[PDB]
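Accompanying notes for the structure given below.
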Amino acid sequence: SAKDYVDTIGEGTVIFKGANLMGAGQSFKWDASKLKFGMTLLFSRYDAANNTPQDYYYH
Amino acid sequence: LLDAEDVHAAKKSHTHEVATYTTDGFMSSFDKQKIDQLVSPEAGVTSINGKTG
Amino acid sequence: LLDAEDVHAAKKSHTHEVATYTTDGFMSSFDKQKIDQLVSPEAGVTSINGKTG
Amino acid sequence: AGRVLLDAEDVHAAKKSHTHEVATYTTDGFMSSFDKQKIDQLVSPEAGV
Ligand SMILES: [Fe+3]
Numbered sequence: 061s062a063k064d065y066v067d068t069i070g071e072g073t074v075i076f077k078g079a080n081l082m083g084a085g086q087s088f089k090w091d092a093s094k095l096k097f098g099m100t101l102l103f104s105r106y107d108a109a110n111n112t113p114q115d116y117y118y119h
Numbered sequence: 054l055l056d057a058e059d060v061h062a063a064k065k066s067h068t069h070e071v072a073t074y075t076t077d078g079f080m081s082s083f084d085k086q087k088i089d090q091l092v093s094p095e096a097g098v099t100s101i102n103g104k105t106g
Numbered sequence: 054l055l056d057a058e059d060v061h062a063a064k065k066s067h068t069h070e071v072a073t074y075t076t077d078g079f080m081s082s083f084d085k086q087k088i089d090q091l092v093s094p095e096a097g098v099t100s101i102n103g104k105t106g
Numbered sequence: 050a051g052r053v054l055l056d057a058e059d060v061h062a063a064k065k066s067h068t069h070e071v072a073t074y075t076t077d078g079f080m081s082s083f084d085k086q087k088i089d090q091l092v093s094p095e096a097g098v
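Chains as they are written, first to last, in the authors' numbering: chain p, 61 to 119; chain 3, 54 to 106; chain o, 54 to 106; chain O, 50 to 98.
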């Protein structure tokens with residue numbers, strides 16, 4: 061059970077998967093107890109005219 | 054031989070339909086695509102000449 | 054005679070509690086009405102001859 | 050035969066304490082906790098004129 065607990069903390073739970081500019085107004089909330097280590101953010105290249113989330117040049 | 058129907062139980066894999074204006078349930082894939090990018094500001098006109106509605 | 058309870062199985066017509074701050078599940082129907090109001094609100098007049106507030 | 054123990058497995062039925070996967074962009078399923086945590090704080094549109 062301890063091994064499962066630490067492994068489940070390590071693999072993490074996805075908060076948002078998809079794509080958005082993350083501009084003014086958008087936000088995300090969660091229970092504080094779900095946070096044990098921290099948060100991770102992944103960004104990618106985007107198209108303003110086409111509005112399709114290209115998949116490369118991640119950060 | 055017994056399966057879920059004979060014992061009057063739900064299947065191992067099953068769906069509960071979407072949640073409507075008066076019924077609970079899941080959310081349509083469109084709903085999930087809507088909520089994540091849904092934004093707070095809705096603006097509008099709050100009052101004109103001291104009258105609302 | 055066997056039933057869903059007799060075999061520790063979910064009832065053929067069973068429902069889950071609505072999701073909370075920590076556990077997932079269904080959403081309340083008026084929550085569905087709320088989110089459907091947030092998307093495409095058409096709530097009143099947004100601007101009257103280019104004027105707001 | 051003999052003393053037989055029957056649960057939801059041998060009848061291929063869902064457990065009483067069972068949960069479905071959260072809905073995705075192309076999948077239908079439970080509404081996530083943080084989805085509701087985002088929804089409730091989202092103020093309802095203001096009805097003026
Ligand atoms: Fe179920």
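Backbone N, C-alpha and C define an ideal beta-carbon position, used for all residues, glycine too.
Per DSSP, the beta-bridge partners of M80 (chain O) are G78 (chain o). Interface annotation for the region 64-94 of chain o against chain O: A72, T73, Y74, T75, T76, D77, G78, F79, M80, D84, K87, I88, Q90, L91 and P94, criterion Cβ-Cβ distance under 7 angstroms. At a cut-off of 8 angstroms, the C-beta of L54 (chain O) has no neighbouring C-beta in chain 3. The straight-line gap separating the alpha-carbon atoms of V98 (chain O) and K104 (chain 3) is approximately 8 angstroms. If you draw a straight line from the Cα of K64 (chain O) to the Cα of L55 (chain 3), it is about 16 angstroms long. Remark: C-beta atoms of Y74 (chain o) and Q90 (chain O) do not approach each other more closely than 8 angstroms.
In this structure, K65 (chain o) places its C-beta atom within 8 angstroms of the C-beta atom of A57 (chain o).
Under the DSSP definition of a beta bridge, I88 (chain o) lacks any partner. When the alpha-carbon of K85 (chain o) is set against those of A50 (chain O), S93 (chain O), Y74 (chain O) and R52 (chain O), the nearest one is in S93 (chain O). Not a single CB atom of chain 3 sits nearer than 8 angstroms to the CB of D89 (chain O).
For ligand 1, residues qualifying as neighbours are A63 (chain 3), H67 (chain 3), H69 (chain 3), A63 (chain o), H67 (chain o), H69 (chain o), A63 (chain O), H67 (chain O) and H69 (chain O), where qualification means a beta carbon closer than 7 angstroms to at least one of its heavy atoms (chain order). Contact of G103 (chain 3) with chain o is not assigned, every C-beta pair being separated by 8 angstroms or more.
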